[PDB]
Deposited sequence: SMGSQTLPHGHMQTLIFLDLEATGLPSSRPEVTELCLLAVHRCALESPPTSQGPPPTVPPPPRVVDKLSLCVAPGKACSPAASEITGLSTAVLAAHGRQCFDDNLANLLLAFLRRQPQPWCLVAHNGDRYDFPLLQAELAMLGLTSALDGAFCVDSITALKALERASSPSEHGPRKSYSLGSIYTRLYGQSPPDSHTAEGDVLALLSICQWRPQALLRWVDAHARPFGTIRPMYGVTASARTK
């Protein structure tokens, strides 16, 4: 099927930062969602330069207090530590946060498609795990999702030694400069948006064909329901 779930109407670019690797039972420290209606990517289009983001976007960036320490590597990479987060009064991943995320999604036309780089192995199962610990094991079931590593592999294969498909590797290969020297969830989402604007119509075709119901993502840890 070219449209198993119809055309995705809104792409919600997502990044989660957390306390450590999956084997550590990590907890979210920061999240960013950037919602872009598909029409911002419905465009007919020398080495390219970074495109500007669409004018009409919705953005949500939040810091979150985990119930455990960040690993030294995580704090090095993200600039967040549990003491830093506590000094700023950050709250845990709770029911109010889940309601905020859903209310943000409800501002967007459906179908919704979350887009995250390495989402299938990290961001999506982690988000499912945090919701599972709250017993909100179906809260995001209305959403679809795709992993942009898989997408960009497909787009680059159709477009043309093995390449890396890390976010930074793709961005620098496409645009000849490194993504803005930022270490935030928002920075990662903005860089992902830029890579998704490289071949935007081809991206939308791939997304429509591969969109996966979020309820089929198994949680990284915690209960399934």
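Residues of the deposited sequence lacking C-alpha coordinates, counted from 1, fall in the stretches 1-4, 50-53, 169-173, 239-243.
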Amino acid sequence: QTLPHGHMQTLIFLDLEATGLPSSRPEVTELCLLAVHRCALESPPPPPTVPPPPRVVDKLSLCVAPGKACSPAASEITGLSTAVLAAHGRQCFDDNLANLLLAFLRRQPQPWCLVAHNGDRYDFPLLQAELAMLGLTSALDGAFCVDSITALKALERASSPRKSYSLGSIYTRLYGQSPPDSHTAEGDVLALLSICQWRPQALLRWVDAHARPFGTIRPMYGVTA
From here on, numbers count along this sequence of modelled residues.
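Of the two stretches examined, 165-173 and 56-64, the record assigns the greater average C-alpha temperature factor to 165-173. Taking only CA atoms, the mean B-factor in the PDB entry is higher for 182-190 than for the other of 182-190 and 28-36.
Highest C-alpha temperature factor among 143, 100, 74, 129, as the PDB entry reports it: 74. For residue 133, the recorded CA temperature factor ranks within the middle third of the chain's modelled residues. Per the PDB record, residue ranking by Cα B-factor puts residue 83 in the middle third of the chain.
In this PDB entry, residue 113 carries a Cα temperature factor that places it within the lowest third of its chain's modelled residues. Among all modelled residues in this chain, the alpha-carbon of residue 23 has a temperature factor (C-alpha) in the highest third.
Per the PDB record, residue ranking by Cα B-factor puts residue 151 in the middle third of the chain.
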